[PDB]
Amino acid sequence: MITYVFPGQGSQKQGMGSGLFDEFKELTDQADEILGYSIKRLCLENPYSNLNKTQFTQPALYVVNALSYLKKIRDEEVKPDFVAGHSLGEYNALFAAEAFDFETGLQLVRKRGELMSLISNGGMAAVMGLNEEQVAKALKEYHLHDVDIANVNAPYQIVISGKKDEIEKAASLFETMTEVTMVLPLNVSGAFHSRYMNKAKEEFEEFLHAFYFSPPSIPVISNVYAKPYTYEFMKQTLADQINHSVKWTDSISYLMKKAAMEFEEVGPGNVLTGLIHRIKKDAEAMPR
């Protein structure tokens, strides 16, 4: 079996999508019409560092990941058995599973990036060396009560999120723990995937009711539940993703439990492939 995984924030890169925009001129056109600016020039020229501003990052990755997928299935004449994507990438999983049409997905990611671009006074940090339960127990033991787990990315790679002062305290606490080897601050100024996103999630949820969705043709493993999307809950699960943790390791472990599972990262970079490598190697280790 094969799963296609689609990357999110941090995998954008000037030069992303080179060749694809001219090869899919119909869809490139459709994206420029919606956005009001050239998606190709944003990606290949990165005017004014715009690729690293979320209101533009999210359309840019969604378009490059979508055209990457269309190129790959056309050249290989195969579709994947399952799809998933990390944060923003879940919109590209839903596009591959025909849950909405190309233009619809772009309007959703444009709105998502606008809402997230207005969030301030937050921070997120990637803690390396503790597993999910150890970070949850530490936030309790050490009274970091206003910090949330935002991503569970690899067996020992957890992202925490909260207001900026509380995240700097929590990062420094984690740096004193025995098994923590690095705490890296993420390039964001909002507490994404946390309780501080509750108002943005309510706004986005209401927004989704104007759009048109269809039952997936490929199962989409959701970030909120690490189980397939169902049609009647698709808008609630997509909105829920904004204020809940991304359960990436449980998503990939549910796919591996099926048996011989291949993963292919579709879009720029190799971030998800690196996470999957650590999830597979950890699954081969026994308890002690």
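Don't overthink the numbering: it's just position in the shown sequence, from 1.
The PDB entry records a higher mean C-alpha B factor for 165-173 than for its counterpart among 165-173 and 129-137. On average the C-alpha atoms of 179-187 have higher B-factors than those of the other stretch, with 153-161 and 179-187 being the two compared. You'll see in the entry that, of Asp250, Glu45, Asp240, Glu232, the Cα B factor peaks at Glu45. In this structure the maximum Cα B-factor among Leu208, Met197, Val78, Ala99 is found at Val78.
Per the deposited record, the Cα B-factor of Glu114 falls in the highest third when ranked against the other modelled residues of its chain. Sort the chain's modelled residues by C-alpha temperature factor and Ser87 lands in the lowest third, per the entry. When the CA B factors of the chain's modelled residues are split into thirds, the value for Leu61 lands in the lowest one. Sorting the modelled residues of the chain by their CA temperature factor places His244 in the lowest third. Ranked by Cα temperature factor within the chain, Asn223 sits in the lowest third according to the deposited record.
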